[PDB]
Amino acid sequence: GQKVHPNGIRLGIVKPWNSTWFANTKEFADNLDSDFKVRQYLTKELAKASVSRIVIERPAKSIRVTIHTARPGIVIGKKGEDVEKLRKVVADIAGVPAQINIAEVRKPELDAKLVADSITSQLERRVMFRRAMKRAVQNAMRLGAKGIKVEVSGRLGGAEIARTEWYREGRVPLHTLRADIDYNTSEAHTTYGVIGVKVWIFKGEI
Amino acid sequence: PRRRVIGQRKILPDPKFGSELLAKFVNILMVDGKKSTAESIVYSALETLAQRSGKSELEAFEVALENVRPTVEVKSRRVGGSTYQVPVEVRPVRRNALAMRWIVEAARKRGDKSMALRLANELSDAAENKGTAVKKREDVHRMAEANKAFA
Amino acid sequence: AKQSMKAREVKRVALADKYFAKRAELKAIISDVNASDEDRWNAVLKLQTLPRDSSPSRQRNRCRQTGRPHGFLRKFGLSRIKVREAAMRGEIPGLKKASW
Amino acid sequence: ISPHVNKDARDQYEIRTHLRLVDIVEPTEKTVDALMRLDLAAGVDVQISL
RNA sequence: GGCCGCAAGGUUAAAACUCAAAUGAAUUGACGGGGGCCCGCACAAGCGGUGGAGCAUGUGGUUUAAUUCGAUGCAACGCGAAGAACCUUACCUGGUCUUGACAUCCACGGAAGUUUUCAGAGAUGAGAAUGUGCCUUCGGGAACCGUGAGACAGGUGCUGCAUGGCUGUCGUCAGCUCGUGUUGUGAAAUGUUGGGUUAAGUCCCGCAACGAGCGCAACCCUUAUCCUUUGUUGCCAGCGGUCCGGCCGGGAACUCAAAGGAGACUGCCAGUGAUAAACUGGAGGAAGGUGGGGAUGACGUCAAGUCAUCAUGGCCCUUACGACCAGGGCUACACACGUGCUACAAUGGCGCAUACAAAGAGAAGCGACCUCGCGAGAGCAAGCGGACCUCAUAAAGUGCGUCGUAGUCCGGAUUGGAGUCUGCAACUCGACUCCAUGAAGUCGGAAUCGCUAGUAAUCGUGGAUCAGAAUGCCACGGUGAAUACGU
């Protein structure tokens with residue numbers, strides 16, 4: 001059958017939101033549109049800085065954006081010359097005062113989004129999909145996780161009939177609501193069509 | 001069902017008198033969740049029936065029922081490709097249920113002016129051993145008797 | 001949707017913003033009782049020379065991300081599909097699956 | 001929840017809003033200054049009436 | 001052809017031609033008008049419907065210039081559509097444009113308010129007024145309107161049998177697998193079978209098996225009983241004022257509001273059972289054995305649905321399959337099917353007059369009091385971003401009269417005249433009001449559907465889409481049943 005989104009089913013129990021503000025009915029829509037444009041711009045611009053999460057807050061009449069990344073040096077640059085440009089453009093798009101903060105991801109091998117992005121990048125340069133998946137699983141289990149699952153679907157290897165494959169190791173209990181499961185996805189554009197990737201990571205009960 | 005046991009529901013007695021039998025009768029008469037109308041009809045009928053026979057309403061009702069209570073009936077069986085009527089005994093609860101149901105069905109088909117009048121007429125005729133209710137009892141008993149060989 | 005439909009929408013909104021007050025004045029003239037009875041005729045004849053696209057009722061709500069003319073919600077500015085996508089990703093403050 | 005025909009198969013969502021009311025009976029100049037010179041979280045909406 | 005026999009026939013015994021296989025014994029499934037055990041509104045026991053009539057709505061067919069495209073046994077047919085008069089619109093007839101209605105490049109000059117003629121309009125022509133900001137070291141041109149040439153833009157065009165993402169169904173069924181060990185030449189097997197038990201591959205005990213994973217249960221929301229905090233806009237037993245009304249002074253006790261907590265565990269008693277797992281009874285308690293209702297969908301099956309939400313490989317058109325504009329069509333009508341609403345009446349129709357709810361929405365918005373109109377409505381105007389104002393009067397019910405079984409004082413299709421409102425604009429093709437007209441139909445052939453308790457049946461109330469347009473969809477409470485012997 002079909003499955004429910006793990007993040008969604010867990011919001012409010014063990015998972016936090018990605019946007020924290022109050023508003024009324026005459027500003028709700030405009031706030032959402034502005035957030036969408038800010039995220040689009042930042043994701044396009046920092047495409048090689050290993051970004052995984054953008055958290056937005058709207059106090060008073062200002063916007064403050066926190067970027068979670070695993071390569072803060074590339075984002076910050078030579079004494080802030082790049083963070084300043086980012087702040088200027090974001091303030092122009094939001095229409096109000098803007099502030100930017102940077103937070104660091106210690107272990108990239110236990111973050112779902114970065115693993116998927118890596119697998120997609122490899123597939124685009126003609127690597128073997130089995131090799132990519134096995135490497136991902138091995139690294140995850142080595143660095144201290146309690147379980148991992150990886151899934152890949154499409155015209156694997158140039159075939160004419162599509163297909164789906166997956167690998168698993170450890171534990172991944174999806175019906176338990178107090179389990180801490182990280183989930184995310186990515187897409188690869190090859191010379192034969194689109195290929196899709198999904199990654200599940202388990203870390204313990206809370 | 002297959003693996004179930006079902007208990008008995010409690011039933012409140014009537015307010016005017018204190019009988020659960022009359023409550024079951026009112027329940028069997030009601031339609032579409034209108035209990036007050038059914039209570040009115042039943043009470044009017046018993047009032048108009050008490051005078052005709054010079055006895056209490058409960059006694060008149062019991063006398064009417066004792067001539068429609070059935071004893072044996074026929075079930076259908078088919079294991080050899082043919083349908084047979086098999087006679088079985090009836091138990092007291094089912095006796096009462098069938099009696100009341102037949103009385104009300106017979107009343108509804110009459111041709112007087114009001115439901116209370118029709119019910120009173122049917123109850124009096126049953127006490128006198130006439131009407132469709134007694135006819136139904138007799139027919140069922142005949143069908144039970146005609147098939148004693150299959151017991 | 002196609003690229004021309006959104007262009008139509010933008011043009012409509014612009015003209016409807018441009019011509020707002022004139023219409024209000026003319027409609028006050030026609031609606032108000034004890035008028036000259038000839039100013040009424042002239043105003044009725046004049047309200048039909050303004051461009052058609054200037055009436056607010058020629059506008060159609062569309063999703064702000066795709067352009068879909070069906071299945072629109074007003075609190076969010078989007079259609080059902082994109083509402084669900086954002087909601088599961090966690091981008092709508094306060095929203096979660098409900099039971100009772 | 002389907003891009004085409006299927007007419008059952010729906011999803012139901014909810015948003016909740018919590019509300020609180022606080023009364024101050026005898027304000028003074030220092031109190032009003034202290035209140036107006038405060039800052040709170042970015043998900044709380046505050047309205048002050050005299 | 002020979003030999004034998006009365007005959008029926010027996011015995012010895014070839015070739016042409018044609019195919020790439022025919023065959024034995026075991027292994028995993030699926031199937032049986034084979035056997036054994038067990039479940040589900042599956043039957044049985046009951047209550048109300050559909051199939052007949054009139055109307056609303058979707059589909060096939062036929063018609064037309066066009067009647068835009070998609071969904072097709074269960075699992076398509078009030079489905080994508082949570083709302084086609086123009087717009088939406090993707091369709092038809094006619095008038096128009098060619099670097100283009102929507103973006104990036106270069107270089108030649110300048111920008112928005114009002115107002116006149118010709119067009120159905122798109123779109124051509126006359127005019128009047130203005131000189132923005134800003135290192136002007138003169139090069140700023142950012143901002144935003146013009147024309148000119150070519151790299152390009154554009155496609156609701158084809159393939160869901162090239163795809164990503166999303167969904168239906170078997171099925172909320174109890175199953176589906178792995179590592180190491182052992183057995184067999186091998187495909188494979190064991191574990192997962194057996195004796196008991198449960199809603200459950202739930203649990204115990206045995207056994208060449210020993211252990212783990214995805215599913216089952218539990219942690220999440222709601223409902224029912226309690227105590228501690230804080231009492232306005234919500235609440236009034238005691239106290240005291242009276243124009244009677246929580247009005248006023250007051251009180252923190254009660255309803256109630258929303259944050260922390262307690263409680264239910266086969267925990268206790270008796271009996272049966274393998275000195276087990278469990279099962280049938282009882283005590284207290286608001287609630288007893290999964291207390292009631294939700295969310296939660298295993299490995300896989302159907303080349304199942306969607307290139308017309310979106311994204312994408314390959315193909316196809318570029319003065320045209322891309323633009324813009326007014327009129328029409330998606331609402332047709334010999335006919336066939338699915339899903340619904342109103343009835344065919346005295347458990348009722350009509351007139352008077354009187355109790356008792358719940359959950360919601362509101363600034364280009366919800367509209368009280370008052371006056372005018374028979375009425376839909378109109379004028380003038382408080383309050384409310386709301387436990388405060390407004391929408392807003394619940395209906396079935398109870399009490400008193402009339403109708404007396406009639407195609408009726410039951411039913412309310414169709415048609416004639418006169419009006420109200422939204423909107424530039426109601427002919428094709430909107431909702432509602434007043435006067436008049438008063439059709440079919442007296443409980444529906446062969447078939448066939450829903451439901452196990454606050455359930456079926458019946459009565460009213462609200463919201464999303466939305467200028468306006470629900471008998472559909474999603475939510476809320478009032479009255480309140482019949483039956484289950486059994487497989």
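Residue numbers start from 1 in every chain, and the chains themselves are labelled A, B, ... in the order their sequence lines are given, proteins ahead of strands. Computation of the quantities below employed the complete heavy-atom set of this structure, encompassing side-chain atoms and omitting hydrogens, waters and symmetry-equivalent molecules.
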Taking C-beta and beyond as the side chain, do A:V150 and A:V137 meet within less than 4.5 Å on heavy atoms? yes
Say we look at [N] and [M]: how far apart would their [atom1] atoms be, to the nearest angstrom?
N       : M       : atom1 : answer
E:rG463 : E:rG168 : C1'   : 29 Å
E:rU225 : E:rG250 : P     : 36 Å
E:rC451 : E:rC474 : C1'   : 22 Å
E:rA359 : E:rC476 : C1'   : 5 Å
E:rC204 : E:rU192 : P     : 13 Å
E:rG181 : E:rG40  : P     : 45 Å
E:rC384 : E:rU402 : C1'   : 49 Å
E:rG297 : E:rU169 : P     : 14 Å

Report which part of the nucleic acid [X] touches: base, sugar-phosphate, or nothing (heavy-atom distance under 4.0 Å, all strands).
X      : value
C:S57  : base
D:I1   : sugar-phosphate
A:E160 : sugar-phosphate
D:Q12  : sugar-phosphate
A:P173 : sugar-phosphate
A:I195 : nothing
A:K26  : nothing
D:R10  : base
B:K113 : base
D:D8   : nothing
C:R62  : sugar-phosphate
C:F72  : sugar-phosphate
C:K46  : nothing
A:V4   : sugar-phosphate

Measure the distance from [atom1] on [X] to [atom2] on [N] and round it to the nearest whole Å.
X      : N       : atom1 : atom2 : value
C:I81  : E:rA82  : CD1   : P     : 15 Å
A:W200 : E:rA298 : CH2   : P     : 13 Å
A:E165 : E:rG164 : CD    : P     : 13 Å
C:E25  : E:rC424 : CD    : P     : 16 Å
C:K11  : E:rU88  : NZ    : P     : 13 Å
B:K109 : E:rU347 : NZ    : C1'   : 18 Å
C:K6   : E:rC324 : NZ    : P     : 14 Å
D:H4   : E:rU72  : NE2   : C1'   : 13 Å

For [N], does OP1 or OP2 lie under 4.0 Å from any side-chain N or O of [X]?
X     : N       : result
D:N6  : E:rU167 : no
D:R20 : E:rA259 : yes
C:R8  : E:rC324 : yes

Can a donor-acceptor pair under 3.5 Å be found between the side-chain atoms of [X] and the base atoms of [N]?
X      : N       : answer
B:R9   : E:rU483 : yes
A:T176 : E:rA218 : yes
B:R2   : E:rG40  : yes
C:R60  : E:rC87  : no

Between A:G154 and A:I195, what is the shortest heavy-atom contact and its length? CA-CG1, 4.2 Å
Between [options], spot the one nearest the side chain of [X], thanks.
X      : options                   : answer
C:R23  : E:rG80, E:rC424, E:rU88   : E:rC424
A:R178 : E:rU347, E:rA484, E:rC219 : E:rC219
C:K27  : E:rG423, E:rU222, E:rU347 : E:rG423
D:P3   : E:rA82, E:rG297, E:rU306  : E:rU306

Centres under 5.5 Å and planes under 30° for the six-membered rings of [N] and [M]?
N       : M       : result
E:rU169 : E:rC170 : yes
E:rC432 : E:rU433 : yes
E:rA406 : E:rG407 : no
E:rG141 : E:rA142 : no

After noting the C-alpha distance and the side-chain angles of A:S186 and A:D117, does the key distance pass the side chain to side chain donor-acceptor pair (under 3.5 Å) rule? CA-CA 6 Å; A:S186 196; A:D117 269 20; 3.2 Å; yes
Please step through side chain to side chain donor-acceptor pair (under 3.5 Å) for the pair B:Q85 and B:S76, ending with a clear verdict. CA-CA 5 Å; B:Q85 313 287 42; B:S76 265; 3.0 Å; yes
Less than 4.0 Å between a side-chain N and a carboxylate O, is that true for [Y] and [X]?
X      : Y      : result
B:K35  : B:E39  : no
C:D53  : C:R12  : yes
A:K149 : A:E151 : no
B:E105 : B:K136 : no
C:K46  : C:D39  : no

Is [N] paired to anything, Watson-Crick or G-U wobble with both distances less than 3.5 Å, and if yes, which nucleotide?
N       : result
E:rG141 : none
E:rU433 : E:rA418
E:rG338 : E:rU57
E:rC79  : E:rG70
E:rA278 : E:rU272

Per the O4'-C1'-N9-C4 / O4'-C1'-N1-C2 angle with a 90° window around 0, E:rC161 comes out anti
Measure from the ring centre of C:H70 to the centre of the six-membered ring in the base of E:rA81, then say whether that distance is under 5.5 Å and the planes meet at under 30°. yes
To the nearest 0.5 Å, tell me how far A:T43 OG1 sits from A:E45 CD. 10.5 Å
